[PDB]
Amino acid sequence: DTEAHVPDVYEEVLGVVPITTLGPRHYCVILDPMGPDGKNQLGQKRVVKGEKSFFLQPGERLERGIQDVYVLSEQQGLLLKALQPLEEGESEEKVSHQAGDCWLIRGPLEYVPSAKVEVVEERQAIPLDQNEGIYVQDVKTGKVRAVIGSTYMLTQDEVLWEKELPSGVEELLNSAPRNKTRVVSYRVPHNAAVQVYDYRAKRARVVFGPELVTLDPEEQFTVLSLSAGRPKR
Amino acid sequence: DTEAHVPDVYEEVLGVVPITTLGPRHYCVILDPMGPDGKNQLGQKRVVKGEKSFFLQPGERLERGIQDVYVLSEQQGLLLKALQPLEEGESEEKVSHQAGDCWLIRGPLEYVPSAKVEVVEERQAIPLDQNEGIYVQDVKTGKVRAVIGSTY
Amino acid sequence: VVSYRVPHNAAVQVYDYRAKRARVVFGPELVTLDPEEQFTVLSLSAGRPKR
Numbered sequence: 255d256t257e258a259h260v261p262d263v264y265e266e267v268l269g270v271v272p273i274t275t276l277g278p279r280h281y282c283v284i285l286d287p288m289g290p291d292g293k294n295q296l297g298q299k300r301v302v303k304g305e306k307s308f309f310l311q312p313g314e315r316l317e318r319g320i321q322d323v324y325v326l327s328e329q330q331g332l333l334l335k336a337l338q339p340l341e342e343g344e345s346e347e348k349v350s351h352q353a354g355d356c357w358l359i360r361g362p363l364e365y366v367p368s369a370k371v372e373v374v375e376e377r378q379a380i381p382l383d384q385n386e387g388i389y390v391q392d393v394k395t396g397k398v399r400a401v402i403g404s405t406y407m408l409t410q411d412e413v414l415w416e417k418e419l420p421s422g423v424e425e426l427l428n449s450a451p452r453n454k455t456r457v458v459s460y461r462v463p464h465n466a467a468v469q470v471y472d473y474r475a476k477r478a479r480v481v482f483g484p485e486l487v488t489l490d491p492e493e494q495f496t497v498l499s500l501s502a503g504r505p506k507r
Numbered sequence: 255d256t257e258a259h260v261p262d263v264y265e266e267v268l269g270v271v272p273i274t275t276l277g278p279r280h281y282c283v284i285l286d287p288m289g290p291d292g293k294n295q296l297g298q299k300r301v302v303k304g305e306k307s308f309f310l311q312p313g314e315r316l317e318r319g320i321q322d323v324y325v326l327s328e329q330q331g332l333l334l335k336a337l338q339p340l341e342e343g344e345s346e347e348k349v350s351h352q353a354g355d356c357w358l359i360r361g362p363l364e365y366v367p368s369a370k371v372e373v374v375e376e377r378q379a380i381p382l383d384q385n386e387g388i389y390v391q392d393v394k395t396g397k398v399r400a401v402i403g404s405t406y
Numbered sequence: 457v458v459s460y461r462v463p464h465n466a467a468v469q470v471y472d473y474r475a476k477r478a479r480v481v482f483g484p485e486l487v488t489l490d491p492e493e494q495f496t497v498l499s500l501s502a503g504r505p506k507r
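In the order they appear, the protein sequences are chains A, B and C. As numbered in the authors' numbering, residues 255 to 428, 449 to 507 make up the first sequence, in order. Per the authors' numbering, residue 255 is the first one in the second sequence, and the count goes up by one each step. Per the authors' numbering, residue 457 is the first one in the third sequence, and the count goes up by one each step.
What follows is the structure, given as structure tokens:
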């Protein structure tokens, strides 16, 4: 229709404008969304995602206005998400997560956060040179390892792990704030050797030659207090 | 209905807002929660979880407003709780607990403290390197040991 | 847990007091002290004239 207001002195509340969602990239959450009862589901929430013309029924509101679909950072773009309530085979994974048991989805997909899922970290995978790396610690295991060589994204249970020696920082930068999670590595000069001891593994290693060494999570550089002066201090 | 006020000069106390609890995460405790009597259960307390529209009956009141369901810190998020009165097979574990005899539930689960329970510690497990740890003391034993290697 | 990187050419002495376990740890390895055990300490001479 296009019907006359005050059909019998009735309150025009407003002319409501239809929220419309951009096919190729738009979604949203409506709160108090009415199911069959024609009346609001007060606590609940509904996500709608495609191209749609949408009228917010009375007592519906939009949670976060008009959010656009996550389309990942791709080769390396990551979302990490917990889950408010328990739910199985519900997400676009058709796999079971227990309430809270958070996880990550990455790769070449577009994501709409499910009703029951919450986007924790918008993770970004770190590009790594053939010969450089980062330390990760497994929150779950406690396991602190060095990931070196290729670019990496930290698995759901991982996070970056820092370290450094009390003076070694200076002979290394031989400054910008030294990044404590980037794998410590040092170019051993042509006619030199450096003595490294792994402390967690109890692996001694003396690396000679012109090669570079990189220190595994626990291992330390041996330092040397050498004399030098014209009068030799 | 939508009934006319003062049906025969009667006192409206107020319009009561329908306290509503969020399905995925909200719960709460009502105090003086009237049961079958149609009349308040004065000393007591009713817990209510899940999605619900609620109208607090006259002489009800929410103990702690509109609290939200615990869902743990997960691989490593912990809740330690004591109990007011004794209760057996009453926990969601269907496990017997003696009054006071406090205990913890951790892991990947969402929790609502039972009417007869109270959340002692919101414990959080410590991440520990392959080669470092902490000293825990067993209050029961008095035993003090070294817990080293993993997260605890 | 108290731990200590024993330097390459050193050894530290530790005694466990609760268990009565003596231990001298050599090498470049690191020691971590159990609840009761203690580091033997040393009061050494140092100066040019040797205090």
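Idealized CB from N, CA, C, for every residue including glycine.
Quick one: is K348/B buried, meaning 16 or more other Cβ sit within 10 Å of its Cβ, or exposed? Burial call: exposed.
Segment limits, alpha helix (DSSP H) that includes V423/A: First-last of the alpha helix (DSSP H) with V423/A: 422 to 426.
CA-to-CA distance, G483/C to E492/A, given in whole angstroms: Between the alpha carbons of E492/A and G483/C lies a distance of about 16 Å.
Counting only C-beta atoms, is residue 207/A closer than 9 Å to chain B at any point? In the structure as shown, chain A begins at 255 and stops at 507. Residue 207/A is therefore absent and cannot be evaluated.
Would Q391/A count as contacting chain C if we go by Cβ distances under 9 Å? For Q391/A, the closest Cβ of chain C is not nearer than 9 Å.
On the DSSP bridge list, what partners appear for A400/A? BP columns for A400/A point to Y389/A.
Whole-angstrom Cβ separation of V373/A and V323/A, contact assumed at under 8 Å? Wrong, their Cβ atoms sit about 12 Å apart, outside the cutoff.
Looking only at its own chain, which residues have a Cβ that is under 6 Å from the Cβ of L489/C, when we skip the five neighbours before and after it? Result list for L489/C: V458, in chain order.
Chain A contact for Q329/B (CB, 9 Å cutoff): Yes, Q329/B lies at the interface with chain A (some Cβ there is under 9 Å from its Cβ).
Roughly how many angstroms lie between the CA atoms of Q298/B and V470/C, to the nearest whole one? Answer to the nearest angstrom: the Cα atoms are 59 Å apart.
Please find out if some non-hydrogen atom of the ligand PLP comes closer than 8 Å to the beta-carbon of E485/A. Annotation note on the ligand PLP: not contained in the displayed structure, which lists no ligands.
Can you have a look at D355/B and say buried or exposed, based on whether 16 or more other CB atoms are within 10 angstroms of its CB? In this structure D355/B is exposed. Its beta-carbon is surrounded by fewer than 16 other beta-carbon atoms within 10 angstroms.
Residues of chain C with CB under 9 Å from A400/B, in chain order? Correct list: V457, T488, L489, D490, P491.
Out of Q494/A, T409/A, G503/A, which one is the CA nearest neighbour of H464/C? It is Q494/A whose Cα lies nearest to the Cα of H464/C.
For the structure I just gave you, are there three or more beta carbon pairs, one from the stretch 268 to 282 of chain B and one from the stretch 304 to 322 of chain B, closer than 8 Å? Yes: at least three Cβ pairs fall under 8 Å.
Do the stretch 378 to 396 of chain A and the stretch 378 to 396 of chain B meet, that is, are 3 or more Cβ pairs less than 8 Å apart? Three or more Cβ pairs drawn from the stretch 378 to 396 of chain A and the stretch 378 to 396 of chain B lie within less than 8 Å of each other, which places the two stretches in contact.
Contact list for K476/A against chain C, beta-carbon separation under 9 Å: Chain C residues near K476/A: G483, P484, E485, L486.
Can you find the residues in the same chain that come closer than 6 Å, C-beta to C-beta, to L285/B, ignoring five residues on each side of it along the sequence? Around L285/B, the same chain offers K299, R315, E317 as residues with beta carbons nearer than 6 Å, after the five sequence neighbours per side are excluded.
May I ask you to report which of helix, strand or coil DSSP gives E257/B? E257/B falls in the coil class under three-state DSSP.
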